Amino acid sequence: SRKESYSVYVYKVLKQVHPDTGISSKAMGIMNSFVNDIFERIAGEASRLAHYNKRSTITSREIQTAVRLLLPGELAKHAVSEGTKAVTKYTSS
Amino acid sequence: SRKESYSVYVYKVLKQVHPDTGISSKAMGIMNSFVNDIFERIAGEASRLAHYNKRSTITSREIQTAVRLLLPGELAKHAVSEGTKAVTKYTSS
Amino acid sequence: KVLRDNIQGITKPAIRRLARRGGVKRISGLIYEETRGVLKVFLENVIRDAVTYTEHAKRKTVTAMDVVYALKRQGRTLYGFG
Amino acid sequence: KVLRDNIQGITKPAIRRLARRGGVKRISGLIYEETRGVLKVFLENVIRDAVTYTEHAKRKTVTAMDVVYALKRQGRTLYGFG
Amino acid sequence: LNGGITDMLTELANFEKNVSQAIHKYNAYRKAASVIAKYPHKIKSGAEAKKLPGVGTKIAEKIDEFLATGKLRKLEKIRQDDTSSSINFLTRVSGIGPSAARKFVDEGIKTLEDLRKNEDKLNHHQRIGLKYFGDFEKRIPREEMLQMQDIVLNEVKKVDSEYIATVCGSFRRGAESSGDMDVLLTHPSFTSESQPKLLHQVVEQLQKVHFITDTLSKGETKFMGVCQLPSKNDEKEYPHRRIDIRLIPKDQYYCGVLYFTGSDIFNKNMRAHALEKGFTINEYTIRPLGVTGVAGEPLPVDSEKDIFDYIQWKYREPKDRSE
Amino acid sequence: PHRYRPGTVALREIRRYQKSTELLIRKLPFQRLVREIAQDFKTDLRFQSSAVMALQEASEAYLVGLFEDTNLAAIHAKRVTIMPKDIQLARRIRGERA
Amino acid sequence: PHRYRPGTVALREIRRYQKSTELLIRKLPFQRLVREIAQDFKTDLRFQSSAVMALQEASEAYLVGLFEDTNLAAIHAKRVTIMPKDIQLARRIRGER
Amino acid sequence: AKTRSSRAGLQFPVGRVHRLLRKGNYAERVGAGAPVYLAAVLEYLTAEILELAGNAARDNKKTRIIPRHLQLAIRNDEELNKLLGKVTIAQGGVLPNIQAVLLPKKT
Amino acid sequence: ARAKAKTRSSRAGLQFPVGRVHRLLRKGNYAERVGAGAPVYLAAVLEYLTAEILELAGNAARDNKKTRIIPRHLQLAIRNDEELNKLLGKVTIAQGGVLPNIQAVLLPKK
DNA sequence: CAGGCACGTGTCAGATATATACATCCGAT
DNA sequence: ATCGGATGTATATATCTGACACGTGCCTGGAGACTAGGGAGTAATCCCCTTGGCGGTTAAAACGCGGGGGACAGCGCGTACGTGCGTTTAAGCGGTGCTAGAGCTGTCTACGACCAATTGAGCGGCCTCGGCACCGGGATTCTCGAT
DNA sequence: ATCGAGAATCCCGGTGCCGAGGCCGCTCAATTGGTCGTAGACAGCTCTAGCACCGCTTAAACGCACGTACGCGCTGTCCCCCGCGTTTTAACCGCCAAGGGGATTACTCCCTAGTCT
């Protein structure tokens, strides 16, 4: 079969931030588990919000509210700003 | 707007176990909330199991394993016994 | 108008009654101020989530459902309201 | 040979090292039995959930994935493995 | 006087059956069509037609729209729909139902030409239905039914004189035509508490004299096939006709004859009369009803007159069994 | 001059407030406090009465639990008078502040 | 003979066991304990090595946290020697009892 | 029987539970036996809560269940207290519990 | 036709895959329908969080005089930060360890 | 699609709860 | 022993709940064999990962023992917190009036599900050399007994 | 209240190692381009209830007096845990077999769907 992972993406992010650093296999696994955990939490919160509001779909607004409601303070604010910038860039085509 | 409540069923259960007593409205709402919470917990655990084992459906086993996971020992054993009896009775007819 | 200070509205006898329900006999003098601070921070934590839930629904009224969802989000599930 | 009395495998120096990493200076003498008891209780609680997990999938080997699932169920969320 | 009203309602339930796959309409619409067809008055308003309770607004609105405009836009739209019309046309083939026609139209098979060109996609039953599409849809005159009944009885007594064969249905009731043949057979050695080759002997004998031309399904109890009368060496060949053979135990044979003789309204009235007389009558036997509704041991049946006497009802000839 | 010993008029109040179910907090000051807290996140907000009642229920239960844990810590420290450091320790061990 | 004062040889190796990240519990006794606990639920069960390692990691982190809370309670109690009653208080406050 | 609940001999609704399982987007397919089993489990838990509340409600010469009685029934039991350890009940009050050290002198 | 392709992650200028996020959201059975802007937003949030935690981990690794990040550095970065520790308060890191913390009372008074 | 019907909601008689009066009974002083 | 808070006992409100009344969306609506295919239950293999065993080395555990510093009990005190009383003041109940916005409904309209067709990205396999683990000695630093 | 002996630890240097990272050969999931049913965005309607205000009414809050008892500092006893040295021991590493278990096909078998009059 094939086991999908965020290894290449985490590596690219690490190179984009610290050009002269490496990472071990166990640290990569921990980073992958952290990414999956955060993704699962945000997706679950968005699904719960959609169910509460009688809606049938999850949009950028639901994910934004979930991010604002999970992450604390300045981390949430910066995540919302970065995501809004990315969404604007994507919708600009 | 017709609300969805468990009122008459809780009252039927109470008459089945304590015919000489009654229940107040606030206690009725508390029982409704308790039933909703337990149902949500069990359904969420069963969905987690079904997604976990790569299955694409929820059967009696998923709910049974959820019951065994959440409820403590005596409660879990009695709930599994009662539910298995109900499933056998429903299937036999 | 604009509410200047209301944390003093949680009076000393109210804290004393709550502590007696908790099961204490003698209460120090800084317990009141410390409890006011803790209650304020807990109310802030719950109210932030409730207001976020209200804003997501494009509503101007904070209903009890938003409050119970905010309470359930922190593991402090509340019964009897929805 | 069915196993017996393996809680004594958690030696006193091991508990002492764990407490030193915890940050205690000096350690009493009656604490080791309590530590062994709470360790046994926690291990039983985790392994019961893990065994229930590994039986719903018709399998006889306890995978680290099942241990991770059981730990996450109790509110531990152990990273690393899987 | 509702010839146009009845005809327009005919196909509406058919699309509900073969396309929408909802029998819970089909049955209601056919009940409404039957009750309109026997009403001896031309309908003027849907509210007047609502006097048949069960005309909930759904039929009343359709009949009012039909009277006002001469048609139904829903019906007109569903007529010009290629998929629905193709499915309906395919379901006219015996063995092709809702699922089969739906799947064929899904893969583009929509006409008899494609059905002929795709032999490998058909079972034996569907192929036989395809071969005799025109013949099966033709009506059967009573003189032809007399000839083939005589042939069937001759062959059946040729197999064994103790056999008893009765052609039931509208032909037994004296109707001038029928859509198919339901022939009922029994054997004295075959009872409810008693040979799996009794029907096989009759089928083989009828195939030997070249009366039965095809076999659709053949079991130990009932046989499905095709029959065709032989031509007198110079006339055009007779169209192929659907013939049914059912083997019934002796203690249930006359009850089966009564059930398959009809008509459906007559059978329903007889069942209601039995129920009000404290008896239950089915396809297979008659049973007494207790005070609490518990059915007892089935009563012995040796004649149709016995069945009529059980429910305290005068024996009625099949010609008088219209209702 | 009928004066009770200090401590008896504590248990006479303990049993009463443990046997009852009253909210023990005046409703209007709590409503004003809730509105004052809420106006810091979004101006011009209006509250359903049931929402304020649920907030009062939750805060009352949380404070009662915190005071129970504070009492346990105080008794563990060989003492019967609760001090703010007892609340600090209870919140710290509970995992709330840090 | 040179003898260190009691307490110094504690804070020393407190620095060591807080700076380092090994297990601090032997593998085989913990494996045998895990197997003995497991056989009470279902007989003849197999364990992956990674499962035992994850169990050890989670249990050891839990014990470290419990000892941290026990030390905090002991310090609050005007005392530097942790006692079983401190563990009982910490477990009761945490909600495990 | 006609209703699905009557076939299983339960008072809780099989149909409503099945509909909630479908709409709740828990899994895109739900087996037939799951809602019956879940209804049985919910019925047993409700019966346990109600019988414990009645055995508590009755004891104060009161013949009507009050949220205080529900709180007493949940807190008094051990398994139910573990099941609902992080749940607060409106107008539930607190168990009567005074520490032995807090009690006054023997005298 | 079929103009030359460019991944939606590259369209949004993100290193993380928005297509994989969209597929996981669809097949995780979270909602009946999934909007087009949600996967991009979620991938941006994940990329920001990963970038922050990796930046602190790299700073700690260079502080410890190493070129390669190990789980100890990740634990140090997570616990040292105030917001990240609050985010991951109930998370245990394998081979992470414990931050050096000795109570002031236990220190030798002398 | 047409019936059959279990819940949802509304209404009023009334068991059940609550508060209000006096006679005993038990921890501080 | 006396006397203010807990008990019972009887009575008079009072009130929120259960037995009817009526509507409204759910809810389930013929049967008896005769084809035709399906998830899977078991028969049969294929690696291969965990189980078990045996032997050799030795870091670690168990055991003894001399302290010395910390746990702990008892005393004294003085000030912080309890109970009580007169007074104020703000909570609480009951109207009275007003409109902001929650809730619902009709109408489309862009939006996401779904399906061919295409292809570039990420996973598996396979090197390979360098950051780091490990060892050894020197230099530096921390700790405790007296001068 | 530092000198100095003694021990613990950092630093520098040397050596080897195994896995982190890079490259190649792919398979298949991401991407494009269309269609088509519909979730909900946007206006319009009610009409419920949250808000503002006022007028009693009185029970809770509060300031102050006064007693008293409990937290805290202090002192003296003693006891038990820690640092160190000596003696087992089973933990761990090396090798082997081995054996049943998770992952495959594969025949068929009761179960389920279609059909039909």
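Everything below is about the structure printed above this text.
Here's what I pulled together on the structure shown here. (Residues numbered from 1 in each chain as written, not as in the entry; some residues may be left out. Chains lettered and ligands numbered in written order. Heavy atoms only, no water.)

### Some points on the overall build of chain C
The condition is simple: In DSSP terms, a helix is any run of H or I states spanning at least four residues, a strand is any run of E spanning at least two, and both are numbered starting from the N terminus. With C-alpha atoms as the basis for the radius of gyration, the globule rule is written as 2.2 Å multiplied by the number of residues raised to the power 0.38. Only protein chains enter the area calculation, which uses a 1.4 Å probe; residues under 20% of their type maximum are buried, those over 50% are exposed, and those in between are partly exposed. We call two residues in contact whenever any of their non-hydrogen atoms come within 4.5 Å of each other. The accessible surface values rely on the Shrake-Rupley method and a 1.4 Å probe; as for residues, cover is taken only from the protein chains in view. Charged residues are defined narrowly, with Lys and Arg counted positive, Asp and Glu counted negative, and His plus the chain ends left uncounted. Here the site of a charge means NZ on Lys, CZ on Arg, CG on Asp, or CD on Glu.
The helix and strand inventory of chain C stands at three helices and three strands. The order of α-helices and β-strands along chain C, N terminus first, is α-β-α-β-α-β. Taken over the C-alpha trace, chain C has a radius of gyration of 16 Å; the compact-globule value for 82 residues is 12 Å, which it surpasses by more than 25%. The C-alpha extent of chain C, read off along each of the three principal axes, is 45 × 35 × 15 Å. Here chain C holds 82 residues, and the buried ones make up 54% of them. Within chain C, counting contacts between residues at least 6 apart in sequence, those at least 24 apart form 40% of the total. For chain C, the computed accessible surface area is about 3600 Å², with 48% contributed by carbon and sulfur atoms. The distance from the centre of the 18 positive side-chain charges to the centre of the 7 negative ones in chain C is 8 Å.

### A look at empty space enclosed by the protein
Any empty space left between atoms is shown by rolling a water-sized probe over those atoms. Residue and element names in this part refer to chain E. Applied cut-off: A cavity, in this analysis, means grid points on a 1 Å lattice covering only the protein atoms where a 1.4 Å probe fits yet has no way out; a pocket is instead an open set bounded by protein on both sides within 12 Å along at least five of seven lines, and a residue lines either one if it has an atom within 4 Å of a point. Grid points are joined across faces, edges and corners, and a volume is the space filled by probe spheres set on the points. Each residue is assigned to one of three groups, with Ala, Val, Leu, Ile, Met, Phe, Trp, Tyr, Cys and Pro labelled nonpolar, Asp, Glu, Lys and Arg labelled charged, and all others, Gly among them, labelled polar.
Volume-wise, the largest cavity comes out at about 130 Å³. Elements represented by at least two residues in the lining of the largest cavity include exactly α13 (250-261), α14 (264-276) and α15 (304-310). At four residues, α14 tops the list of elements feeding residues into the lining of the largest cavity. When its residues are assigned to classes, the lining of the largest cavity shows nine nonpolar, two polar and one charged. By volume, the second largest cavity amounts to about 100 Å³. In this structure, the second largest cavity is lined by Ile5, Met8, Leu9, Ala32, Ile36, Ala49, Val55, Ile59, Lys62 and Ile63. The set of elements that each furnish at least two residues to the lining of the second largest cavity consists of α1 (3-18), α2 (23-37) and α4 (57-69). Tallied by class, residues from the lining of the second largest cavity come to nine nonpolar, no polar and one charged.

### Observations concerning the environment of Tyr163(E)
Residue and element names in this part refer to chain E. For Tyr163, the position within the fold is in the loop between α11 (142-159) and β2 (164-168). For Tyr163, a relative accessible area of 2% gives the class buried. Between the C-alpha atom of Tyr163 and that of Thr186, which follows or precedes it by 23 residues, the distance is 6.2 Å. Ignoring sequence-local partners within four residues, the contact set of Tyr163 consists of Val156, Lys157, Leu185, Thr186, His187, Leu198, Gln201 and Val202.

### What about the packing of aromatic side chains?
Note the following rule: Two rings from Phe, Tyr or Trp (for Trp, the six-membered ring) form a pair when their centres sit within 6.5 Å of each other. Planes less than 30 degrees apart are called stacked, planes more than 60 degrees apart edge-to-face, and all others tilted. Any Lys NZ or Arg CZ found within 6 Å of a ring centre and within 35 degrees of that ring's normal is scored as a charge over the ring.
Counted under the stated rule, the structure contains 18 aromatic pairs over all chains. Seen from their ring centres, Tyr52(A) and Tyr53(C) are 6.5 Å apart, and the 50° between their planes marks the pair as tilted. Placement of the pair is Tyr52(A) in helix α2 (residues 25-52) and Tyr53(C) in helix α2 (residues 31-56), with the two residues belonging to separate chains. Ring geometry for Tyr259(E) and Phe260(E): centres 5.3 Å apart, planes at 80°, overall edge-to-face. The exposure class assigned to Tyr259(E) is partly exposed, which follows from its relative accessible area of 34%. Among the residues examined, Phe260(E) registers a relative accessible area of 27% and is labelled partly exposed. A network of ring pairs unites the aromatic residues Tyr6(A), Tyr9(A) and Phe16(I) as a single cluster. Directly above the ring of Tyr26(E) sits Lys17(E), whose terminal nitrogen or CZ lies 5.4 Å from the centroid. Here the basic side chain of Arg16(G) rests over the ring of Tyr17(G), its NZ or CZ set 5.5 Å away from the ring centre.

### Observations regarding the state of the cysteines
Residues and elements named next belong to chain E. Just so we agree on the cut-off: The term disulfide is used for any two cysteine sulfur atoms that are within 2.5 Å.
Scanning all chains against the criterion turns up zero disulfides over all chains. A disulfide-free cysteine, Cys168 has its sulfur positioned 12 Å from the sulfur of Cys255, the nearest such atom. Looking at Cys168, the relative accessible area reads 4%, which means it is buried. Free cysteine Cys227: the closest other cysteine sulfur is in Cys168, separated by 15 Å. Taking relative accessible area as the criterion, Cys227 reaches 1% and is therefore assigned buried.

### A short note on the protein's contact with DNA strand J
What counts is decided by this rule: Think of it this way: one heavy atom of a residue within 4 Å of a molecule or strand is enough to make that residue near it. Polar contact criterion, stated in full: a pair of N or O atoms within 3.5 Å, where within protein one must be able to donate a hydrogen and the other to accept it, and residues adjacent in sequence count only if both atoms are side-chain atoms.
In the vicinity of DNA strand J lie 23 residues, with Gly54(E), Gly56(E), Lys58(E), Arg3(F) and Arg5(F) positioned nearest. Restricting attention to atoms of DNA strand J within 4 Å of the protein, one finds that 89% of them are sugar or phosphate atoms. In the model, a sugar or linking oxygen of DNA strand J is placed 3.3 Å from a nitrogen or oxygen of the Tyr29(E) side chain. For DNA strand J, a sugar or linking oxygen lies 2.9 Å from a polar atom in the backbone of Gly56(E). Secondary-structure elements contributing two or more residues to the surface near DNA strand J are α1 (7-17) of chain B together with α2 and α4 of chain E. Of the residues that constitute the surface near DNA strand J, the class distribution is five nonpolar, eight polar and ten charged.

### Looking at the interface of chain B and chain H
Counted only if it meets this: Two parts placed together each lose some accessible area; with a 1.4 Å probe, that loss summed over both constitutes the buried area. For this analysis, a salt bridge means a side-chain nitrogen from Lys or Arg found within 4 Å of a carboxyl oxygen belonging to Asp or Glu.
Across the boundary between the two partners, chain B contributes 53 residues, which contact 50 residues of chain H. Together chain B and chain H conceal approximately 4900 Å² of surface at their shared face, both sides included; 72% is due to carbon and sulfur atoms. Together, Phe39(B), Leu75(B) and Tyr90(B) form the three largest contributors to the area buried by chain B at its contact with chain H, with a combined 15%. Counting across the interface, chain B meets chain H through one salt bridge. Between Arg16(H) and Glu4(B) there is a salt bridge whose closest N-O contact spans 2.7 Å. Our count for the chain B to chain H interface comes out at 14 residue pairs in polar contact. Those elements that provide at least two residues to the side of chain B that touches chain H are α1, β1 (22-23), α2 (25-52), α3 (60-70) and α4 (73-92) of chain B. Of the residues belonging to the side of chain B that touches chain H, the class tally is 27 nonpolar, 17 polar and nine charged.

### Points about the pattern of salt bridges
Opposite charge on two side chains permits them to pair, given that their charged atoms come into close proximity. Residue and element names in this part refer to chain E. Under the counting rule described, the total for this entry stands at 45 salt bridges over all chains. Two residues, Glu65 and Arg73, come together in a salt bridge whose shortest N-O distance is 3.0 Å. Relative accessible area serves as the criterion here: at 24%, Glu65 is assigned to the partly exposed category. By relative accessible area, which is 48% here, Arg73 ends up partly exposed.

### Focus on the sheet that holds strand β6 (residues 222-227) of chain E
Residue and element names in this part refer to chain E. Filter applied, for reference: In short, DSSP must find at least two bridges between two strands for them to pair. Fitting a line to C-alpha atoms yields each axis, with helices limited to the stretch in contact; the angle taken between N-to-C directions then spans 0 to 180 degrees.
Sheet architecture is open: five strands sit in the order β2-β4-β7-β6-β5, paired in mixed fashion. Edge strands, defined here as strands with exactly one partner in the open sheet, are β2 and β5 (212-218). Each strand of the sheet is rotated relative to its neighbour by a mean of 25°, with strand direction disregarded. The pairing of strand β4 (residues 181-186) with strand β7 (residues 241-247) spans five bridges and is parallel. Bridging from a neighbouring strand, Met181 pairs with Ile243 of β7.

### Some remarks on a positive patch on the surface
Where we set the bar: Note that patches include only residues with greater than 30% relative accessible area and no salt bridge, and the join distances are 9 Å for like charges and 5 Å for nonpolar side chains (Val, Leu, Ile, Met, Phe, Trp, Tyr).
Residues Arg76(C), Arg97(G), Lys82(H), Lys86(H) and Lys90(I) make up a contiguous surface patch of positive charge. Here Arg97(G) is to be found in the segment after α4 (84-94).

### Regarding helix α4 (residues 67-76) of chain H
Counting buried positions along α4(H) gives nine out of ten residues, so the element sits mostly inside the fold. Those residues of α4(H) that fall on the buried side of the exposure criterion are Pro67(H), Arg68(H), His69(H), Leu70(H), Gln71(H), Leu72(H), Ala73(H), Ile74(H) and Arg75(H). Each element contacted by the buried residues of α4(H) is listed here: α2 of chain B, α1 (8-19) of chain F together with α3 (33-57), β1 (64-65), α5 (79-83) and β2 (87-89) of chain H.

### Some thoughts on the protein's contact with DNA strand K
Near DNA strand K there are 75 residues, and of these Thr221(E), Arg32(F), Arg35(G), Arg19(H) and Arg2(I) occur at the shortest range. In this structure, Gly29(C) approaches DNA strand K through a main-chain N or O atom, which is 3.1 Å from a phosphate oxygen. Interatomic distance of 2.8 Å between a backbone N/O atom of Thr81(G) and a phosphate oxygen of DNA strand K. Counting residues per element, the surface near DNA strand K draws most heavily on helix α2 (residues 27-38) of chain F, at four residues. The class makeup of the residues in the surface near DNA strand K is 18 nonpolar, 22 polar and 35 charged.

### Observations concerning the pairing of β5(E)
On a regular strand, one side chain projects to one face of the sheet and the next to the other, so that they alternate. Residue and element names in this part refer to chain E. Sheet topology places β5 next to β6; five bridges connect them, and they run antiparallel. Each bridged residue has a counterpart across the sheet, and for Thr215 the counterpart in β6 is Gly225. Following β5, the chain reverses through three residues before pairing antiparallel with β6.

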